[PDB]
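A.B. asks: show me the folded form of this:
(3 chains)
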Amino acid sequence: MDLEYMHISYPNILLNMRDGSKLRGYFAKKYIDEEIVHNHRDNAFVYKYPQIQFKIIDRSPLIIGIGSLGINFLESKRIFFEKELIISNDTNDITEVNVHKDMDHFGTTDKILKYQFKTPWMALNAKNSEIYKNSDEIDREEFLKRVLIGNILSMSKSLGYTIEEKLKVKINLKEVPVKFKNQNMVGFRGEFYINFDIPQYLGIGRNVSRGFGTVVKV
Amino acid sequence: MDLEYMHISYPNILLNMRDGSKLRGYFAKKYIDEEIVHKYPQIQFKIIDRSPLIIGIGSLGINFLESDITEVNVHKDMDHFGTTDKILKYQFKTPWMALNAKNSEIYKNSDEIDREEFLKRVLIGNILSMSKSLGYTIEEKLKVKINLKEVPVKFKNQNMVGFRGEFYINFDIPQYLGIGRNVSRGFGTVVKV
RNA sequence: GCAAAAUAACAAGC
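C.D. replies: Residues are numbered from 1 along each chain as shown, chains lettered A, B, ... in the order given. Dropping the coordinates below:
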């Protein structure tokens, strides 16, 4: 399988790190009716790998779109011609846009591959967070590994790729605090090894739309 | 579970680290023959951060140890050795040397992940050897979290492979023994951190 | 936290 994607970066602009929620917020407030940028579907939410993601990476904004359905949004709504980025009531001019668009392999590979989180991973949901907090170091390492596999099966599913080989992972990760919904939920930083091919700047999930869990290749 | 031990150190003198080959022969040469130069070693020669080190462990090993340089020190005491419920973190002060000829081949052809879960087993292997030889039964399952990196080591002036890093295990390891192969000459020295 | 019965290794949406 190949995965088609559009990258839109706003290099001249630079924002504080982990401001993605603000960035993703504005884009979704302005393009209120699209429903692919922000994920409430009328009254309900939508549960699926978000194929429009917003990140801040190396202090610059990065807008990601994935496959026919996400790229159509970017192209049709002309996100690369965007006027201004209003982040915390102060507007930023958009004087430079840099967009790679291409496809890459997605799914299990022969060679093991080494990745690194470019933003906090945020692997633990509610039920897992209790497990983690109550689990000693080694048990945690194993736990996180499994959940990492988990994330890979969620994204792979939503993207309609069914993995026919077994996944093995090596994780080297340190803890990091990340505030979300005025709450302290934990998230990790680090690098990891997996036999899966993971297109650059994609997130492995929890709250992927705001940039959390963004992996890049090393 | 208490395991008695004796450390003898030479504070001032300094030299090359992993030098071993240029000072490895004396201890045997001058008194030959007493200790096995020709079971887990209860007499261990180390160089820890530029300074020499000697370790007796257990009654047998202490008694032997009864035997310019200027000042010299001895911390001498008995420590806890065995399994524990509280996870403990250790770091190698000398290259591990965990693979033998056979296991080096398996390691040589392996992807980084299986390489990890290969080392994990080996480590638990070593611990069990030591535990056994020193006459301790291990009544709970050992688990490990290991972060290590390859490093080149010269031994008998061939080049084998060894590992520098840190690791987590529910065993309680006294300071400065073990655990790799060739531990009498100072390899794989673990210290609590 | 609110949500969530979703082909998986039980993983995901605001």
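A.B. asks: check which helices and strands the helix or strand in which residue A:146 is found sits against.
C.D. replies: Using DSSP states H and E, the element containing residue A:146 is helix A:137-158. Contact here means 3 or more C-beta pairs under 8 Å, 6 or more residues apart in numbering or on different chains; DSSP states H and E; on that basis helix A:137-158 packs against helix A:126-133, strand A:169-177, strand A:186-197, strand B:82-92, strand B:144-155, strand B:158-172. Backbone N, C-alpha and C define where each C-beta goes, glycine included.
A.B. asks: pick the most deeply packed of the ones you listed.
C.D. replies: Among the helices and strands packed on helix A:137-158, the stretch with the highest mean neighbour count (mean count of other C-beta atoms under 10 Å in any protein chain shown) is strand A:186-197, at a mean of 19.
A.B. asks: can you list the strands that that one pairs with?
C.D. replies: strand A:107-117 (antiparallel), strand A:169-177 (antiparallel) (DSSP bridges).
A.B. asks: and the contacts of the shortest one?
C.D. replies: Counting contacts by C-beta atoms under 8 Å, 6 or more residues apart in numbering or on different chains, the residues outside strand A:169-177 that touch it are A:117, A:120-121, A:141, A:144-145, A:148-149, A:184, A:186-195, B:112-113, B:116, B:147.
A.B. asks: circling back to that earlier point, the helix holding residue A:146 vs helix A:126-133, what angle?
C.D. replies: Angle of helix A:137-158 versus helix A:126-133, following axes from the mean of the first three to the mean of the last three C-alpha atoms, to 10 degrees, is 160 degrees.
A.B. asks: pull the residues that contact helix A:137-158.
C.D. replies: Contacts for helix A:137-158 (C-beta under 8 Å, 6+ apart): A:48-49, A:51, A:106-107, A:123-124, A:128, A:131-132, A:135, A:162-163, A:167, A:169, A:171, A:173, A:188, A:192, A:194, A:196, A:198, A:202, A:204-206, A:213, B:87, B:89, B:143-145, B:168, B:170.
A.B. asks: tell me if it is near RNA strand C.
C.D. replies: Yes: interface with RNA strand C: helix A:137-158 contributes A:146, A:147, A:149, A:150, A:151, A:153, A:154, A:156, A:157, A:158 (C-beta under 7 Å from any atom of the strand).
A.B. asks: closest to RNA strand C among those?
C.D. replies: Nearest to RNA strand C out of the residues of helix A:137-158 next to RNA strand C is residue A:150 (C-beta to the nearest atom of the strand; 2.2 Å).
A.B. asks: how much space between the residue of chain A most remote from its centre and chain B?
C.D. replies: With C-alpha atoms, centre = their mean as the measure, chain A has its most outlying C-alpha, relative to the mean C-alpha position, at residue A:136: 28.0 Å. Look at residue A:136 and chain B: by C-beta to the nearest C-beta, to the nearest Å, they are 5 Å apart.
A.B. asks: identify the residues contacting that residue.
C.D. replies: Here residue A:136 is in contact with residue B:87 (C-beta under 8 Å, 6+ apart).
A.B. asks: now do residue A:66
C.D. replies: A:3, A:4, A:5, A:49, A:51, A:52, A:53, A:159, A:202.
A.B. asks: ok, the residues you listed vs chain B, which is closest?
C.D. replies: Nearest to chain B among these, counting by C-beta to the nearest C-beta, is residue A:202 at 20.8 Å.
A.B. asks: so what sits opposite that closest one in the bridge?
C.D. replies: Going by DSSP bridges, residue A:202 forms beta bridges with residue A:215.
A.B. asks: that one against residue A:216, yeah?
C.D. replies: No: the pair residue A:202 / residue A:216 is not scored as a contact, 9.0 Å apart, by C-beta atoms under 8 Å.
A.B. asks: how about the residues of chain A near chain B?
C.D. replies: Contact residues, chain A versus chain B (C-beta under 8 Å from any C-beta of the partner chain): A:111-112, A:114, A:136-139, A:141, A:168-170, A:172, A:193, A:195.
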